[PDB]
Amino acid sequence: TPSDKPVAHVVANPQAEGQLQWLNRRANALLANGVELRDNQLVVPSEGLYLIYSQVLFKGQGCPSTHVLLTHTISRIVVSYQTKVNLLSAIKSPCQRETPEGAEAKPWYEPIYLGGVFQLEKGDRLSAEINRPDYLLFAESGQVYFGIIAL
């Protein structure tokens, strides 16, 4: 705040190497006039038409022996009705099988974006889930973030 819009900006925390934890107070972010964070998800007050958006960048270390599959989704947790309801998702499986025999792993980089304004409710907790946590680039700021904005 300034501007009266419950808005969030939750930059991924770079501490626990292998999971992903959303964090506030990481330089510049937002968790004001309504918007709060609890357990790996942002709880939406009142209700409304909120713009959702989460970024995740998959830092590579070569080409593991298989088609790993990458999956970036943003789930919704409703108050009345609950559990795992898919509001929006995406996928992109890394490297096409090279098995590093030659010039092994000069990194690979696959960033994914998700966005859309949706109809939410009071206490509606939205969360950005990942399939393979073991690949996120931590030489960031903007490489991994998650935010919601009031409209």
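One rule holds for the numbers: they count along the sequence shown, beginning at 1.
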Open item on the list: Tell me which stretch, 48-56 or 122-130, has the higher mean Cα B-factor listed in the entry.
Closed with: 122-130
Task: 4-12 or 141-149, whichever carries the higher mean Cα B-factor - done: 141-149
Open item on the list: Sorting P111, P94, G115, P107 by Cα temperature factor from the record, which one lands on top?
Closed with: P107
Task: Out of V43, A90, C63, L69, highest CA B-factor residue - done: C63
TODO: Using the B-factor values recorded in the entry, state whether the Cα atom of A103 falls in the lowest, middle or highest third among the modelled residues of its chain.
DONE: highest
TODO: Place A32 in the lowest, middle or highest third of its chain's C-alpha B-factors, as listed in the PDB entry.
DONE: highest
